[PDB]
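Colleague: here is my input, please return the structure:
(12 chains, ligands or ions: 4)
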Amino acid sequence: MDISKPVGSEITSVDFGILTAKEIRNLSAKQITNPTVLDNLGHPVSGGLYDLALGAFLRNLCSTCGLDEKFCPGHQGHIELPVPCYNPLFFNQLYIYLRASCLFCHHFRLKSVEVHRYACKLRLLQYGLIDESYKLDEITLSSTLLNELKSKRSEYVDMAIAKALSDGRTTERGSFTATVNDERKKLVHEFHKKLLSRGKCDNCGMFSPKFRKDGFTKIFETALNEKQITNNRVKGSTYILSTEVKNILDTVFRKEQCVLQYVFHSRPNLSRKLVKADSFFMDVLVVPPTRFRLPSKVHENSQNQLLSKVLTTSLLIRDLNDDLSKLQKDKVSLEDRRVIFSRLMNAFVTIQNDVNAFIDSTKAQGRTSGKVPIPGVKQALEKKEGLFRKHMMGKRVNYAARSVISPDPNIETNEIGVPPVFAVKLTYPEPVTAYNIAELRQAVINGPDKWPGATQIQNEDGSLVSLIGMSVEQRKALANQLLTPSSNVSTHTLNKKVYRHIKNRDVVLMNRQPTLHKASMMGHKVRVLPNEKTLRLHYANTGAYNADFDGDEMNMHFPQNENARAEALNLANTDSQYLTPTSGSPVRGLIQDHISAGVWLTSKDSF
Amino acid sequence: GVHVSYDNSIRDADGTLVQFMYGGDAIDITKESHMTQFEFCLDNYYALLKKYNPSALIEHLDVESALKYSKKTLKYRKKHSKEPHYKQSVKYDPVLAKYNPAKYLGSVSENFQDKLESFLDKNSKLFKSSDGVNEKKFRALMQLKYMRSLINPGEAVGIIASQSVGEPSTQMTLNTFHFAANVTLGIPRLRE
Amino acid sequence: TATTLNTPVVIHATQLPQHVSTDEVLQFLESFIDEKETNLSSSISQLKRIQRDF
Amino acid sequence: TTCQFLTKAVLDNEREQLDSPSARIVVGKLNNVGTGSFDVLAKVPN
Amino acid sequence: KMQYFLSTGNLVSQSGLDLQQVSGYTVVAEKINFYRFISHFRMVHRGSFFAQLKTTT
Amino acid sequence: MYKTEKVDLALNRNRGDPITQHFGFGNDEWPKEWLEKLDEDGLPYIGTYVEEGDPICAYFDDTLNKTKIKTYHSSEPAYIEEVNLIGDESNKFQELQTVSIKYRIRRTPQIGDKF
Amino acid sequence: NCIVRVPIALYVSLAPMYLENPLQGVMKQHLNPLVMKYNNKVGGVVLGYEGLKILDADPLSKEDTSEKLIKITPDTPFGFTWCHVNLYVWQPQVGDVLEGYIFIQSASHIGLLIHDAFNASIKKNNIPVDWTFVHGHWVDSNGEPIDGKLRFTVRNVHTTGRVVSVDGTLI
Amino acid sequence: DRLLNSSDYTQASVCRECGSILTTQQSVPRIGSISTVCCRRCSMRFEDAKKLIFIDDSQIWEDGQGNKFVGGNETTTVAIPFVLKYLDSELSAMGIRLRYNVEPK
Amino acid sequence: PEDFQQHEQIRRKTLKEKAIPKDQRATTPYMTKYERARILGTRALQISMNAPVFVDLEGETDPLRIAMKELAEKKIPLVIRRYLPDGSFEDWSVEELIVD
RNA sequence: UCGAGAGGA
DNA sequence: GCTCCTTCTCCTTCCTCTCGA
DNA sequence: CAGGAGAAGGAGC
Ligand SMILES: [Mg+2]
Ligand SMILES: [Zn+2]
Ligand SMILES: [Zn+2]
Ligand SMILES: [Zn+2]
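Modeller: Numbers count the residues shown, from 1 in each chain, chains lettered A, B, ... in the order given. Ligands and ions are numbered 1, 2, ... in the order given. The protein structure is shown below:
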């Protein structure tokens, strides 16, 4: 955090787009195809995983940006896959759109009129028009009158949405709430449920076979019925690859902007981009930068082991399917196909399954049971050991002291007792202006260990000049130029930040874990109690915190800006937390000795 | 993010509306302690007078607009009482439902107003011959006391409503004084 | 690098630019030196040899 | 569950306008309830 | 290998030894006082699998 | 309280690798202040007040002309109880390589001690 | 003819030391350090500024209601306001024949100073066949000396360095 | 002041034009120049810029290994936690492009 | 310059359609606790960064106490922009409010 | 960097 | 065309230390 | 060692 440098811009909203390989190949900086991560010398070998163009290193520099590792954010690479591979996130949707497609007409199996009306309903569900989304079922009157039906439905939807956009019902970019989302999810679930039943085609009457998967990757193609093959020849069990599936679903999606501009976009699509099957399929694995894959300092990163397995399979296929094609198609004829092409039905398992283990590590291949299977990218996000509930929600912070707590009824109920350990250690950044020159000259003169004092001085240029090694006359000389500013053009509107000690003016936060309710965390004015180590309080607080004194510990958080210390004194101080909002009842009054004192003192026989 | 907005409505983050008034009265649960303690607030009257300062709250506060409406609501209320709620049809709105309770002095919830008028019914002798305290002055004090003790626009009442149910569940001892059939009790009931 | 308080954050254009005549140069760009009596002083010290030749 | 709800969130091209506290803590701008339910502006002379 | 078994506790078996758990057989005999050290030689229990089970009989 | 630190220099050798780092000093220049806590055979004297960062063992490297030194680990100012020197269970083809220092830390009754 | 005027809508940050004179605050904070500099959004060199009309975040305010509300950042005390202002930009695009200043004629280069603003350095191969240096002055295809001023074309605008490098050939 | 301004306050920089935090590196200047921030996705190759009226030398910048690029100028500095950048680089391996719509446009 | 000026007028029109004049404001003139805290904090940061102090403080180094002293005569030039849920914002100055 | 154990509230 | 009896396919308090890979 | 819950497909209705 800083105050001398204000944050100029402002993040407003977050969109969830998809990288495809056309974006990634223009995007990335280095292709990674080499398992030679480090040589026998130990140096980074280019083309490999710890390449110098994917960021800096310890003694090295970056080949892409050319800066030191303090200033290099790292750049991301792309593994050119041999085969278009399934993205293991998007797999069941691909399984739905493949199992509910017609191989011949390259539309869906279901009839086109129902597809057009689900398109119109899910277009009405983008401007929130649920007033019109059920009026459309009341439009019902062959070969050509159905075209008039679809044209009249389309112009009905057009006039409805144009009327709603003419007045102030809906703004330019739609409206999307919980009611809209509930109706949309229910309709899309009913749509994909109806698509899985109509096996016989409603556009040609032909037959596409049933699919059934084993685990994740294997797709057994079930043999047809006798009458279905008969009906196929009247109108006129097998593993299947991903390139055939890519071609089938691409040919489906190129004919189907209509309904899939509306299933896959719950907003008014401004730029009107298309729906490819390339969103489902992967062509480049984007390898993260250097500073997110560094080893422990020594064990290397286990992400690099799975990237090395993927590149081992990638170099096996660069061996085989490049060095077999240069061979003749006549000499490689009969007995060179029951072994070599029994290996491409075994080397595509290991390019798909290793990307699966790289991302969705549950779907994998078995083994004799060992220590620990390696986590993926999904496994580094999901739980308390993940990322959201471990590094975005629950963080470990600076400027937060901790000790044991102690009784002290000689300090007020809004006061905290600070031992001089923490009175020396924790600092606060006050600026320098002539209303606060006396205490800051005296604080720099007193130095890092004579409380009230100061440990650091931040210049107008942002340099943290520390006062630790400096002598007595190398602190008394600095307070004679804090007052005079510089002739700098950029920083004639700033002042030096003296990082003074915590003193009797400040206020901390206090926090006892676990916090079952919001009265277990308050704000306390500061008293520094000399020559101790424990933090200590009055007894009014010790019913709110559920605190006995058999060794309890509390996290004194010391806020660093003027905003929070202006909010810890008004909105969360102890004087505004008397009544808990559970029942409006008090929880803060005196305890054990004071009650039997008040019984004896207020009794009639005390003269 | 479920909180209190400037239209005094319990509205979520984007704008999904959960309630129209907080609980029925837009009051704060902390600051509603001695409001229905009328016998207490009759006493200490000058203390609350110098506390509340009504004379500095004249110009920025439309006074009698809700006061004319509220007496008509109450007379139509006592006009039709013995009929049940399905026979008791609705003619016009309650006092808070039409007028903003933090801008119109006298826009008061119905049950608090009923307890106020019943207390001022049954204890006229305490008003008459104790300190000469006027009934109209006491009523026009409690109309300000109901308005100063109102919930703030901005308070995260969703967090508070979560924590005031999650925390007393920790006081539930797992043994059950059940036998006398049976019924699911405690956190096995509150999670269900 | 420079911060968010020396040179402004976002600069766009509102209208396409339009030329000025020779005699309309010194309507303010002469009184700019008549009123301000390196980033400001050498500015006009080099403007003495730019706008005068027109 | 993240990747189920993340799977659903990509397959809608879901714009998110940073409404809830959790999303405004992940992005880190300000939180809506309490103090951040309004803004502050400054009158100046001329 | 027997020193590895006593140094970590992770039982490496080819037949499971007709037990339930895998880890946690050896505990470090601490000597902070004589009571803690004399305690460890009379410390018996059911198992380490039952500590995760939430039904408490 | 009795701590123990088992400092050895056999962490970078395998299969008869020659002794790279010897206990003691070398014949270069070196800051001369290290003698206040260290004997001239690398080891510290018994019973020495050592705060944070002050040396606990010194070794002369043979390679880089460096007398690289072991610094004190924690922050509690301890006293040197023992300096024990373990020989090698091989046929002593190596020199001294294992020093198991003890440390003594005072525990006065202080504010917070759970009686 | 390259003294052009352009209206721009910039977006300045205002310091709390000038919450009482924001006109001179932005004139000293952002506009003065844009004098005699290249800019990536106008492509020119700014000579003068006029017409600082700061917008207001009050949509119902006027030009005489000078209660100019300026928005405060949630963390820092700095303001961020929109402004419309006219600039006197000097910029060539391709080959503008304008007069020049020469301090010393030299042998392998010439070194024109463009009206005491920037440089117009001329390389080796840009010196033609007829022009050769003599041992500093030039005897060109005329054979007689000329005035100290010199007109010259514009080749390319190079803004990577500390100043703008403008090249020009003389054919 | 307890979950952003202490732990991992990272005043990063986003391209305004494409909206991604991960990409926009530093430029590599010549000696006697300055190094600004330029994007990578929106910036395009210098070898493809001569497709066509004449191109001024403004969008042209250079990387470390010498591949001259054209464009990608629109970047500006925001303030995010660093775990946001770690999240973006963890999601890009799954094939997801977060876009960060940033005003002032 | 056509498209940017066009979108500028678009955004200013969509903001002015939300702006509510002083003939209509249906919010209470009591400062809540939150508005008092943020006004004291923001005036503390402004006085901390060389603002002209509108009070003659008598030996004060805490800038928050300088802000709490300037509120006594309402010499705090700030304006609260109260946000209704659809962005329809009202302007209340500090010197038009019931300071509680 | 991960598992096993000990202990405080 | 419609329905039920199995699967898949899911998910959950703060702190300190040591031991060992 | 839970603890039921949601979704899905063919064997009967
Ligand atoms: Mg305790
Ligand atoms: Zn780099
Ligand atoms: Zn068909
Ligand atoms: Zn870009």
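
Colleague: which residue ranges of chain D form helices?
Modeller: Using DSSP state H, the helices of chain D run over residues D:3-10, D:21-26.

Colleague: which residues touch the residue lying closest to residue G:69 once chain neighbours are set aside?
Modeller: Using C-beta to C-beta, 6 or more residues apart in numbering or on different chains and skipping the chain neighbours, the partner closest in space to residue G:69 is residue D:41 (4.0 Å). C-beta here means a position set from N, CA and C on the backbone, and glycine is covered the same way. For residue D:41, the contact set (C-beta atoms under 8 Å, 6 or more residues apart in numbering or on different chains) comprises G:57, G:69-72, I:78-79, I:81, I:91.

Colleague: distance of residue D:41 from residue I:30?
Modeller: The gap separating residue D:41 from residue I:30 is 20 Å, by C-beta to C-beta, to the nearest Å.

Colleague: next: residue A:281.
Modeller: According to C-beta to C-beta, residue A:281 and residue I:30 sit 60 Å apart.

Colleague: please say which of the two ends up with more neighbours.
Modeller: residue A:281 (24 against 21; other C-beta atoms under 10 Å in any protein chain shown).

Colleague: now the more buried one: phi and psi?
Modeller: phi -110, psi 150 (degrees, to the nearest 10).

Colleague: spell out the secondary structure type for residue A:78.
Modeller: strand (DSSP: H, G, I helix; E, B strand; the rest coil).

Colleague: how many neighbours does it have?
Modeller: Other residues close to residue A:78 by other C-beta under 10 Å number 20.

Colleague: phi, psi for residue G:165 please.
Modeller: Phi and psi for residue G:165, reported as degrees, to the nearest 10, are phi -100, psi 110.

Colleague: before we move on, the earlier item: of the helices of chain D, which stretch is the most buried?
Modeller: Burial of the helices of chain D is given as mean neighbour count (mean count of other C-beta atoms under 10 Å in any protein chain shown); helix D:21-26 ranks first at a mean of 18.

Colleague: quick one: name the residues of chain C near chain F.
Modeller: By the rule C-beta under 8 Å from any C-beta of the partner chain, no part of chain C lies against chain F.

Colleague: how near is the residue nearest the centre of chain C to RNA strand J?
Modeller: Closest to where the C-alpha atoms of chain C average out (C-alpha atoms, centre = their mean) is residue C:29, at 7.8 Å. Distance, residue C:29 to RNA strand J, by C-beta to the nearest atom of the strand, to the nearest Å: 64 Å.

Colleague: chain neighbours aside, what residue packs nearest to that residue?
Modeller: Closest to residue C:29 by C-beta to C-beta, 6+ apart is residue G:48, at 5.1 Å.

Colleague: for the one you found, which three-state class applies?
Modeller: strand.

Colleague: thought it was touching residue G:88?
Modeller: Yes - if you go by C-beta atoms under 8 Å, residue G:48 and residue G:88 touch, sitting 4.1 Å apart.

Colleague: overlap in contacts, these two.
Modeller: Shared contacts of residue G:48 and residue G:88, counting by C-beta under 8 Å, 6+ apart, come down to residue C:29.

Colleague: phi and psi next, for residue 30.
Modeller: As the question left the chain open, I've gone with chain A. Torsion angles, degrees, to the nearest 10, at residue A:30: phi -150, psi 130.

Colleague: tell me where chain I has strands.
Modeller: Secondary structure of chain I (DSSP state E): strands located at I:79-83, I:89-93.

Colleague: for chain C, see how far away residue B:1 is.
Modeller: As defined by C-beta to the nearest C-beta, to the nearest Å, residue B:1 lies at a distance of 30 Å from chain C.

Colleague: before we move on, what about residue F:52?
Modeller: Applying C-beta to the nearest C-beta to residue F:52 and chain C gives a distance of 38 Å.

Colleague: ok, now which ones touch that residue?
Modeller: Contact analysis of residue F:52 by C-beta under 8 Å, 6+ apart lists F:72, F:74-75, F:77.

Colleague: 6 Å instead, please
Modeller: Residues in contact with residue F:52, defined by C-beta atoms under 6 Å, 6 or more residues apart in numbering or on different chains, are residue F:75.

Colleague: that one: what secondary structure?
Modeller: Secondary structure assignment for residue F:52 (three-state DSSP): coil.

Colleague: try residue B:136
Modeller: Under the three-state scheme (three-state DSSP), residue B:136 adopts helix.

Colleague: same check, this time on the one 3 residues further on
Modeller: When classified by three-state DSSP, residue B:139 comes out as helix.

Colleague: for chain G, what spans make up the helices?
Modeller: Applying DSSP H to chain G gives helices spanning G:22-26.

Colleague: revised request: answer the last question for chain A.
Modeller: Per DSSP H, chain A carries helices over the ranges A:21-27, A:91-99, A:112-124, A:145-166, A:178-194, A:226-235, A:243-254, A:257-263, A:302-323, A:349-359, A:420-425, A:438-446, A:562-567, A:592-601.

Colleague: ok, the residue of chain A found nearest chain I - how many residues close by?
Modeller: Chain I sits closest to residue A:566 of chain A, with a gap of 3.5 Å, by C-beta to the nearest C-beta. Residue A:566: 26 surrounding residues under other C-beta under 10 Å.

Colleague: distance of it relative to ligand 4?
Modeller: Applying C-beta to the ion, to the nearest Å, the value for residue A:566 to ligand 4 is 39 Å.

Colleague: name all residues that make contact with that residue.
Modeller: Residue A:566 touches I:40-41, I:44, I:64, counting by C-beta under 6 Å, 6+ apart.

Colleague: once you drop chain neighbours, what's closest to it?
Modeller: Spatial nearest neighbour of residue A:566, excluding adjacent residues (C-beta to C-beta, 6+ apart): residue I:41 at 3.5 Å.

Colleague: count of residues packed around residue G:120?
Modeller: If you count neighbours by other C-beta under 10 Å, residue G:120 ends up with 23.

Colleague: residue contacts, it?
Modeller: Contacts of residue G:120 (C-beta under 6 Å, 6+ apart): G:112, G:114, G:166, G:168.

Colleague: need the contact partners of stretch B:109-128.
Modeller: B:25, B:38, B:94, B:96, B:133, B:135, B:142.

Colleague: tell me the two of the residues you listed that are most distant?
Modeller: Using C-beta to C-beta, the pair of the contacts of stretch B:109-128 lying farthest apart is B:94 and B:133, separated by 29.1 Å.

Colleague: near chain C, anything from the strand ranked longest in chain H?
Modeller: The longest strand of chain H (DSSP E) is strand H:97-103. No - Strand H:97-103 stays clear of chain C (C-beta under 6 Å from any C-beta of the partner chain), getting no nearer than 9.1 Å.

Colleague: for the residue in chain H that ligand 1 sits nearest to, phi and psi?
Modeller: Nearest to ligand 1 in chain H, going by C-beta to the ion, is residue H:2, at a distance of 23.8 Å. Here is the backbone geometry of residue H:2 (degrees, to the nearest 10): phi -140, psi -10.
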